[PDB]
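Enquirer: FYI, in the authors' numbering the residues of the sequence shown are 81 to 135, 143 to 180. Cβ atoms here follow ideal geometry from the backbone N, Cα and C, with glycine treated the same way.
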Amino acid sequence: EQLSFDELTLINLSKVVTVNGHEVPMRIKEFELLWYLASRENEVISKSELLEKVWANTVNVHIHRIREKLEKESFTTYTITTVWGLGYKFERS
């Protein structure tokens with residue numbers, strides 16, 4: 081129901097993201113993508129599954152938007168890694 085990775089915290093029920101304790105605004109589908117991956121840390125998840133389970144070019148665009156916001160907030164200790172040809176995984180850098 082809630083997940084933290086260093087200064088990053090995700091709160092599922094309200095779909096809120098915080099970095100260093102302050103809310104970082106995110107669309108709900110973006111939160112749900114970040115949560116789907118972060119919930120399965122170190123697991124590589126395919127674009128198909130992300131697309132079916134969370135919801143064109145929809146996945147890549149939202150992965151990028153997530154990455155952009157985390158960069159803006161200087162959160163770098165974890166990341167979403169591109170696994171070419173297979174999908175994405177949330178993991179420690």
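1) Helix, strand or coil, according to DSSP, for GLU178 in the structure here?
2) Look up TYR165 in the DSSP assignment and give the residues it is bridged to.
3) In angstroms with no decimal places, state the Cα-to-Cα distance between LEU114 and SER128.
4) Does residue 139 come out as helix, strand or coil in the three-state DSSP assignment?
5) Per DSSP, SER84 forms a beta bridge with which residues?
6) Would you decide whether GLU110 is buried or exposed? Buried here means 16 or more other CB atoms lie within 10 Å of its CB.
7) Would you identify the three-state DSSP class for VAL97, choosing helix, strand or coil?
8) Hey, how far is the Cα of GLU132 from the Cα of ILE125?
Expert: Working from what's here:
1) strand
2) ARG179
3) 15 Å
4) Coordinates for residue 139 are absent; the numbering of the chain skips from 135 straight to 143.
5) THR89
6) buried
7) strand
8) 12 Å
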